[PDB]
Amino acid sequence: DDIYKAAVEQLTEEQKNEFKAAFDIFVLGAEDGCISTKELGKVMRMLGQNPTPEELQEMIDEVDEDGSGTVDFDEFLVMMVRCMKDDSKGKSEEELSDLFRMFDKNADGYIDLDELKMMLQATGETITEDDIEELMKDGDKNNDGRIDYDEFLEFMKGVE
Amino acid sequence: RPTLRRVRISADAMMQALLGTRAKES
Amino acid sequence: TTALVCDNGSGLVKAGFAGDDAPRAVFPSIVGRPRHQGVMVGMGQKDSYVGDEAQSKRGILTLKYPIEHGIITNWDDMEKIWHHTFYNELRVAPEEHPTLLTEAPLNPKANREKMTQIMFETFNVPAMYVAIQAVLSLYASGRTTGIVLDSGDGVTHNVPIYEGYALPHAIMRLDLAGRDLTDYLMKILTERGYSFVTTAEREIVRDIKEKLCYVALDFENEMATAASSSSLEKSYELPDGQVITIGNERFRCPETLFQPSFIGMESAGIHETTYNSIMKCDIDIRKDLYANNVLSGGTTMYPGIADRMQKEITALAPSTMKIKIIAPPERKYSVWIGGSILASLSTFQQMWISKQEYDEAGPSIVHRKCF
Amino acid sequence: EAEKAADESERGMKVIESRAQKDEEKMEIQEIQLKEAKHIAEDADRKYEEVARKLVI
Amino acid sequence: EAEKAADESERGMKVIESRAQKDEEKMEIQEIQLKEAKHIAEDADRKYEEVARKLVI
Ligand SMILES: Nc1ncnc2c1ncn2[C@@H]1O[C@H](COP(=O)(O)OP(=O)(O)O)[C@@H](O)[C@H]1O
Ligand SMILES: [Ca+2]
Ligand SMILES: [Mg+2]
């Protein structure tokens with residue numbers, strides 16, 4: 001997901017040029033200029049790793065939102081780093097659940113966005129009102145005006 | 001029900017296996 | 001640590017670590033001693049090639065399966081197969097990994113007890129658990145009800161389950177399976193001139209069955225069509241040339257499943273033992289079982305079986321009920337995928353038969369609460 | 001001795017050249033059919049994916 | 001003179017035979033790959049037709 005987008009944003013032109021040269025060397029002779037789902041799967045089977053074609057479709061849907069089955073530079077790096085899924089288990093569940101439950105200081109079962117605002121003021125990361133709005137949209141799936149506990153699980157799912 | 005994947009073996013090993021002998025820097 | 005989800009089966013041993021999508025190593029379960037004399041010295045000739053190695057040297061071996069019908073008839077060979085599976089196909093010592101074997105329903109007790117005794121004494125695992133091969137196939141489908149027909153290669157069994165409560169009085173185990181279909185195909189091929197006799201050529205007949213045979217939607221119409229036209233005759237190249245042409249042997253081999261009178265068996269086909277297994281259940285869960293009929297096992301991979309079976313059951317069942325047959329594309333490894341899911345559960349983590357428990361009650365612990 | 005050796009060398013060179021040309025032709029036709037089959041496989045996989053999604057819908 | 005000619009012909013024969021044998025081996029590998037491609041194509045075709053029929057129903 002956008003996890004790999006964050007990971008590659010952590011990465012720099014070193015990884016960009018390294019994978020560009022790897023493309024120049026191994027994808028040499030391919031008429032694509034990118035890596036296709038079928039090409040990637042066949043090459044993996046050639047080397048020995050045999051992921052499912054359903055995984056190919058999933059990954060292509062993820063990185064290549066347009067459904068072309070190719071990999072644009074940013075989504076290409078995202079797909080390439082997607083193979084190495086070192087970070088799993090998504091931090092802790094129950095302790096973070098307690099943290100989120102106490103986040104509802106009003107304890108009404110409703111997480112006001114203003115509590116999030118205060119916590120972000122504590123964080124102070126470079127963010128505008130539209131940014132936190134978009135993040136809440138990514139979190140407030142049912143659009144109930146709060147952070148739902150199930151949606152709290154959803155947006156922090158797999159998140160370390 | 002969660003799903004666990006061990007198919008995603010280390011990507012450096014995948015690059016090594018694909019490039020074969022020429023897997024020197026990647 | 002991670003658990004080893006082994007699945008002995010009969011015909012293909014499927015194994016792999018818990019939590020993945022597919023078994024790591026799948027290889028036939030055959031152990032074949034050489035039968036000729038051998039004149040080259042120092043060639044490094046072993047005394048028994050097991051697993052997938054004996055499917056390449058099968059020209060000079062006498063392959064013999066160690067599992068006949070679910071039950072294990074030759075314990076030394078089975079021990080050899082397990083040793084190979086642990087050490088060479090997975091390369092993980094068993095001293096540091098729990099194991100989850102699988103067993104067909106209604107099998108002899110002594111088989112299960114000997115299996116656990118071997119796993120605890122020879123390989124010395126930390127803890128092992130034995131599970132019925134149909135509940136796993138129901139896990140893999142993501143259901144919690146349904147009647148699963150797991151037509152393996154050794155034995156076909158039909159376990160109905162509702163809301164997680166298995167019905168022990170409605171299990172119908174039938175011993176017709178893929179091996180008998182291979183033998184019957186090898187027996188009807190002789191009607192054209194092709195004679196396969198050697199235990200090595202049984203593998204060739206198995207390959208013919210896998211690649212060519214299909215289940216006919218209507219048997220009499222296909223028998224009439226194949227006897228007039230020639231649009232069915234598909235050819236196949238033996239391991240040495242001399243292509244062969246299979247005529248109406250294509251859909252007559254797997255038809256034995258629905259008419260076990262072909263190989264002389266008395267019982268009714270897999271289309272009618274499912275209906276009988278349903279009718280033994282209570283009157284209020286028959287609709288759910290009708291709607292959630294699950295197929296599994298290798299032998300249910302014939303092209304066109306999910307339609308023939310549905311037509312047959314719809315003929316038998318009352319006209320109002322809806323008959324639906326779940327046939328996932330990953331049928332062959334359904335049992336192992338379910339085994340991985342079950343071994344990956346947190347609630348299941350305390351059901352293993354710990355070694356100290358075995359030391360206190362002996363091998364008969366498996367029949368006890370730790371089932 | 002030299003005459004016999006020369007004759008045998010000539011015959012061997014002839015047969016090796018014939019086999020080499022046969023091998024080159026076989027390699028070319030194999031590559032052509034291989035590429036065509038791979039493209040057909042790609043098309044089939046794409047069609048399968050599309051129809052499967054429509055079937056779920 | 002004849003000895004020199006025979007030795008040169010021998011060396012040429014040996015090198016050309018070696019190259020022909022290697023290209024023949026690679027051609028065999030190519031044929032194996034073509035066979036696998038054929039199998040994949042047939043399997044995918046069956047997948048597609050089955051899925052389309054089910055969708056129609
Ligand atoms: N694609 C196929 N088409 C038809 N029959 C198959 C196919 N694959 C496997 N079989 C049959 O199924 C058997 C394998 O069944 P399997 O599920 O491995 O048995 P087990 O339950 O012992 O693992 C083989 O012996 C073969 O006869
Ligand atoms: Ca709140
Ligand atoms: Mg089985």
# chains A, B, ... in the order shown; residues from 1 in each chain; ligands from 1
call {"tool": "select_by_dssp", "arguments": {"residues": "region 9-115 of chain A", "states": "helix (DSSP H, G or I)", "output": "number ranges by chain"}}
result
A: 9-10, 13-26, 37-47, 53-63, 73-82, 94-103, 113-115
call {"tool": "closest_atom_pairs", "arguments": {"of": "chain C", "to": "chain A", "cutoff": "12 Å", "atoms": "only C-alpha atoms", "output": "JSON lines"}}
result
{"residue": "C:20", "atom": "CA", "partner": "A:51", "partner_atom": "CA", "distance": 10.7}
{"residue": "C:21", "atom": "CA", "partner": "A:52", "partner_atom": "CA", "distance": 8.7}
{"residue": "C:22", "atom": "CA", "partner": "A:52", "partner_atom": "CA", "distance": 9.2}
{"residue": "C:23", "atom": "CA", "partner": "A:50", "partner_atom": "CA", "distance": 11.4}
{"residue": "C:24", "atom": "CA", "partner": "A:50", "partner_atom": "CA", "distance": 10.2}
{"residue": "C:329", "atom": "CA", "partner": "A:54", "partner_atom": "CA", "distance": 11.8}
{"residue": "C:330", "atom": "CA", "partner": "A:52", "partner_atom": "CA", "distance": 11.1}
call {"tool": "write_last_selection", "arguments": {"atoms": "N, CA and C atoms", "output": "PDB file, in the first residue's frame"}}
result
ATOM      1  N   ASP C  20       1.282 -20.017   5.162  1.00  0.00           N
ATOM      2  CA  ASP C  20       1.520 -19.692   3.768  1.00  0.00           C
ATOM      3  C   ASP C  20       0.282 -20.010   2.947  1.00  0.00           C
ATOM      4  N   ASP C  21       0.405 -19.872   1.634  1.00  0.00           N
ATOM      5  CA  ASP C  21      -0.717 -20.129   0.746  1.00  0.00           C
ATOM      6  C   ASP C  21      -0.653 -21.512   0.117  1.00  0.00           C
ATOM      7  N   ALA C  22       0.538 -22.014  -0.171  1.00  0.00           N
ATOM      8  CA  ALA C  22       0.681 -23.284  -0.855  1.00  0.00           C
ATOM      9  C   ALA C  22       1.750 -24.126  -0.177  1.00  0.00           C
ATOM     10  N   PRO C  23       1.639 -25.449  -0.262  1.00  0.00           N
ATOM     11  CA  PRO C  23       2.665 -26.305   0.330  1.00  0.00           C
ATOM     12  C   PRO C  23       4.023 -26.058  -0.300  1.00  0.00           C
ATOM     13  N   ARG C  24       5.063 -26.164   0.521  1.00  0.00           N
ATOM     14  CA  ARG C  24       6.401 -25.857   0.025  1.00  0.00           C
ATOM     15  C   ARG C  24       6.923 -26.950  -0.895  1.00  0.00           C
ATOM     16  N   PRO C 329     -10.962 -23.180  -7.363  1.00  0.00           N
ATOM     17  CA  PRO C 329      -9.866 -23.579  -8.257  1.00  0.00           C
ATOM     18  C   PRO C 329      -8.689 -24.212  -7.545  1.00  0.00           C
ATOM     19  N   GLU C 330      -8.453 -23.890  -6.278  1.00  0.00           N
ATOM     20  CA  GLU C 330      -7.372 -24.511  -5.523  1.00  0.00           C
ATOM     21  C   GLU C 330      -7.854 -25.759  -4.798  1.00  0.00           C
TER      22      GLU C 330
END
call {"tool": "interface_residues", "arguments": {"of": "chain A", "to": "chain B", "cutoff": "6 Å", "atoms": "only C-alpha atoms", "output": "list in words"}}
result
residues 47, 83 and 84 of chain A
call {"tool": "write_last_selection", "arguments": {"atoms": "C-alpha atoms", "output": "CSV table (one decimal), in the first residue's frame"}}
result
chain,number,residue,atom,x,y,z
A,47,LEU,CA,14.4,-17.7,-10.5
A,83,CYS,CA,8.4,-8.0,-2.3
A,84,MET,CA,10.5,-7.6,0.8
call {"tool": "interface_residues", "arguments": {"of": "chain D", "to": "chain E", "cutoff": "7 Å", "atoms": "only C-alpha atoms", "output": "ChimeraX atom specification"}}
result
/D:2,5-6,9,12-13,16,20,23,26-27,30,34,37-38,40-41,44-45,47-48,51-52,55
call {"tool": "closest_atom_pairs", "arguments": {"of": "chain A", "to": "ligand 2", "cutoff": "8 Å", "atoms": "only C-alpha atoms and all ligand atoms", "output": "CSV"}}
result
residue,atom,partner,partner_atom_place_in_ligand_line,distance
A:103,CA,ligand 2,1 (Ca),6.3
A:104,CA,ligand 2,1 (Ca),3.5
A:105,CA,ligand 2,1 (Ca),5.4
A:106,CA,ligand 2,1 (Ca),5.1
A:107,CA,ligand 2,1 (Ca),6.4
A:108,CA,ligand 2,1 (Ca),6.9
A:109,CA,ligand 2,1 (Ca),7.0
A:110,CA,ligand 2,1 (Ca),4.7
A:111,CA,ligand 2,1 (Ca),3.2
A:112,CA,ligand 2,1 (Ca),4.2
A:113,CA,ligand 2,1 (Ca),7.5
A:115,CA,ligand 2,1 (Ca),6.3
A:146,CA,ligand 2,1 (Ca),7.6
call {"tool": "calpha_fit_rmsd", "arguments": {"fixed": "chain E", "moving": "chain D"}}
result
1.3 Å
call {"tool": "atom_distance", "arguments": {"atom1": "CA of residue 27 (chain C)", "atom2": "CA of residue 270 (chain C)"}}
result
27.1 Å
call {"tool": "residues_near_ligand", "arguments": {"ligand": "ligand 1", "cutoff": "6 Å", "atoms": "only C-alpha atoms and all ligand atoms", "output": "PDB file with C-alpha atoms, in the first residue's frame"}}
result
ATOM      1  CA  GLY C   9      -2.210 -38.220   1.946  1.00  0.00           C
ATOM      2  CA  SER C  10      -1.930 -41.211  -0.338  1.00  0.00           C
ATOM      3  CA  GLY C  11      -0.275 -40.468  -3.648  1.00  0.00           C
ATOM      4  CA  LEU C  12       1.160 -37.009  -2.997  1.00  0.00           C
ATOM      5  CA  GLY C 152      -8.623 -38.093  -2.529  1.00  0.00           C
ATOM      6  CA  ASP C 153      -6.465 -40.703  -4.200  1.00  0.00           C
ATOM      7  CA  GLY C 154      -6.799 -43.341  -1.514  1.00  0.00           C
ATOM      8  CA  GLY C 178      -8.109 -42.103  -7.830  1.00  0.00           C
ATOM      9  CA  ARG C 206      -1.938 -41.966 -14.309  1.00  0.00           C
ATOM     10  CA  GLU C 210      -4.860 -36.643 -15.551  1.00  0.00           C
ATOM     11  CA  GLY C 297      -9.377 -33.527  -2.946  1.00  0.00           C
ATOM     12  CA  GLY C 298      -7.433 -34.239  -6.091  1.00  0.00           C
ATOM     13  CA  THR C 299      -9.821 -36.575  -7.871  1.00  0.00           C
ATOM     14  CA  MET C 301     -10.464 -32.001 -10.576  1.00  0.00           C
ATOM     15  CA  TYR C 302     -11.947 -33.733 -13.609  1.00  0.00           C
ATOM     16  CA  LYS C 332      -5.986 -30.048  -4.783  1.00  0.00           C
TER      17      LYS C 332
END
call {"tool": "closest_residue", "arguments": {"among": "C:146, C:339, C:193, C:269", "to": "ligand 3", "atoms": "only C-alpha atoms and all ligand atoms"}}
result
C:339
call {"tool": "interface_residues", "arguments": {"of": "chain C", "to": "chain E", "cutoff": "12 Å", "atoms": "only C-alpha atoms", "output": "list in words"}}
result
residues 211, 303, 304, 306, 307 and 329 of chain C
call {"tool": "write_last_selection", "arguments": {"atoms": "C-alpha atoms", "output": "PDB file, in the first residue's frame"}}
result
ATOM      1  CA  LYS C 211      -4.318 -35.034 -18.928  1.00  0.00           C
ATOM      2  CA  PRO C 303     -13.201 -31.196 -16.149  1.00  0.00           C
ATOM      3  CA  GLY C 304     -16.979 -31.160 -15.924  1.00  0.00           C
ATOM      4  CA  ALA C 306     -19.105 -29.855 -10.792  1.00  0.00           C
ATOM      5  CA  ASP C 307     -21.946 -29.891 -13.320  1.00  0.00           C
ATOM      6  CA  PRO C 329      -9.866 -23.579  -8.257  1.00  0.00           C
TER       7      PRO C 329
END
call {"tool": "atom_distance", "arguments": {"atom1": "CA of residue 34 (chain A)", "atom2": "CA of residue 55 (chain A)"}}
result
18.1 Å
call {"tool": "interface_residues", "arguments": {"of": "chain C", "to": "chain B", "cutoff": "12 Å", "atoms": "only C-alpha atoms", "output": "list in words"}}
result
residues 2, 16, 17, 18, 19, 20, 21, 22, 23, 24, 139, 140, 141, 142, 143, 337, 338, 340, 341, 342, 343, 344, 345, 346 and 347 of chain C
call {"tool": "interface_residues", "arguments": {"of": "chain A", "to": "chain D", "cutoff": "10 Å", "atoms": "only C-alpha atoms", "output": "list in words"}}
result
residues 37, 38, 39, 53, 54, 57 and 69 of chain A
call {"tool": "residues_around", "arguments": {"residues": "region 227-230 of chain C", "least_positions_apart": "5", "cutoff": "10 Å", "atoms": "only C-alpha atoms", "output": "mmCIF file with C-alpha atoms, in the first residue's frame"}}
result
data_model
loop_
_atom_site.group_PDB
_atom_site.id
_atom_site.type_symbol
_atom_site.label_atom_id
_atom_site.label_comp_id
_atom_site.auth_asym_id
_atom_site.auth_seq_id
_atom_site.Cartn_x
_atom_site.Cartn_y
_atom_site.Cartn_z
ATOM 1 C CA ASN C 221 -25.412 -39.425 -25.129
ATOM 2 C CA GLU C 222 -21.622 -39.360 -24.947
ATOM 3 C CA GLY C 247 -11.531 -42.891 -27.852
ATOM 4 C CA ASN C 248 -14.489 -43.331 -25.533
#
call {"tool": "atom_distance", "arguments": {"atom1": "CA of residue 26 (chain A)", "atom2": "CA of residue 60 (chain A)"}}
result
19.8 Å
